[PDB]
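Architecture at a glance
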Amino acid sequence: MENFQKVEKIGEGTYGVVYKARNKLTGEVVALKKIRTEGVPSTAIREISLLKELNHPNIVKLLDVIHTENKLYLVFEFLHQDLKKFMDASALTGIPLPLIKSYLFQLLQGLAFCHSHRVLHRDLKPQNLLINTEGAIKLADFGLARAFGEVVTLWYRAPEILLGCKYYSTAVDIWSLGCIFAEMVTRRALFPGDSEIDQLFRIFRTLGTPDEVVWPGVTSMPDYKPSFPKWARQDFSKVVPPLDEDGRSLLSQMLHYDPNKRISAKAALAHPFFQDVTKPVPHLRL
Ligand SMILES: NNC(=O)c1n[nH]c2ccccc12
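Residues numbered from 1 in each chain as written, not as in the entry; some residues may be left out. Heavy atoms only, no water.

Structure determination for this entry, per the PDB record, employed X-ray crystallography and reached 1.80 Å resolution.

The name given to the protein chain in the PDB entry is Cyclin-dependent kinase 2, and the organism recorded there is Homo sapiens. Here the PDB entry title reads "CDK2 in complex with inhibitor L3-3".

Structure representation (structure tokens):
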């Protein structure tokens, strides 16, 4: 509103645009997300308001929720860079494995926290992960997914969502995070689909077309078609080279087809991959 100087636009989320703004009175710098030629819905500001109570070092703090002038505004703590920009910036050299590991460990801590509070993200992507100069990484925009869906990015979507499941579980966030982990390691998106079917078939071509053996109930899913081509699962050491075996093992558990078999954030934190985890400082150019 008129409370801010609104320094500049900084991104377009699946649910709305975000702005860097300075409280024209307290001097506080924040990220202001405007929820909205489509339509301006409304249902539970109560739901979102509850999120203001989420407090964890790996969750971007939601400072306020404002419903006004036929618009919803979420005021968030501001972080200087998102992971998408950091990966692009680190494209020539790659993010050091210790930093990738630190970021994955922290993101799992944030998800373990949200999931233990029965809060799902549902739309995790590099643009939704924010980093600061001190080596922290935080998840932003949790629990928003309460409406329909730059073209939306399908790259991090769990297969059960693509197959039309009506009830999703915390497993969908683990899937997205696994996709992001792979991308930090290889410096290329794992499943860059350009449509829902292409997204699905890119997953099938790599992990093999799922069947009742690996995923009980898959053939009865809403959009499952017996006509799906049957691709054999790929080696996997071919998937995220040159990640070590602990990393590959953990990733494979985050990418299990059956959401019931997919590793939880809490269990992932105990994986051997994190035995030597540290907290490096990244080289951030702001
Ligand atoms: N460059 N900074 C950002 O994009 C940002 N900072 N805090 C957020 C909270 C939610 C969404 C984005 C953001």
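Things to note about the overall build of the protein chain
The number of helices and strands found in the protein chain is eight helices and eight strands. In terms of C-alpha radius of gyration, the protein chain reaches 19 Å, essentially the compact-globule figure of 19 Å for 286 residues. Each principal axis of the C-alpha atoms in the protein chain carries an extent, and together these give about 60 × 40 × 35 Å. A burial count over the protein chain gives 50% of its 286 residues as buried. (Helix = DSSP H or I, 4+ residues; strand = E, 2+ residues; numbered from the N terminus. Rg over C-alpha atoms; globule rule 2.2 N^0.38 Å. Buried < 20%, exposed > 50% of the residue type's maximum accessible area, 1.4 Å probe, protein only.)

Digging into the pattern of salt bridges
For the structure on display, the rule yields 13 salt bridges. The salt bridge partner of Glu 183 is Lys 84, with a shortest N-O separation of 4.0 Å. Given the relative accessible area of 5%, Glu 183 is considered buried. The salt bridge involving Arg 262 is made with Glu 160; its shortest N-O contact spans 2.8 Å. Here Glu 160 lies in helix 4 (residues 159-162) and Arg 262 lies in the loop between helix 7 (245-254) and helix 8 (265-269), a separation of 102 residues in the sequence. When sorted by exposure, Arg 262 lands in the same class as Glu 160, which is buried. Within this structure, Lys 84, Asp 88 and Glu 183 form a network of salt bridges that share partners. (Salt bridge = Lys/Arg side-chain N within 4 Å of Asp/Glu carboxyl O.)

Considering the site of the ligand
Contacts to the ligand come from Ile 10, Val 18, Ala 31, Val 60, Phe 76, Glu 77, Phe 78, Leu 79, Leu 130, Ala 140 and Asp 141. Between the ligand and the protein, one listed contact pairs a nitrogen atom with a backbone N or O atom of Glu 77 at 3.0 Å. Within the backbone of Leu 79, an N or O atom sits 2.7 Å from a nitrogen atom of the ligand. A total of 330 Å² of accessible area belongs to the ligand in isolation, and the protein chains cover 91% of it. Partitioning the shell around the ligand into residue classes produces nine nonpolar, no polar and two charged. Taken together, domain 1 (1-80) and domain 2 (81-283) each give at least three residues to the shell around the ligand, which thus spans both. (Near = heavy atom within 4 Å. Polar contact = N/O pair within 3.5 Å; in protein donor to acceptor, adjacent residues only side chain to side chain. Areas by Shrake-Rupley, 256 points an atom, 1.4 Å probe, with all protein chains shown as cover. Nonpolar A, V, L, I, M, F, W, Y, C, P; charged D, E, K, R; others polar. Domains from an automatic or database assignment.)

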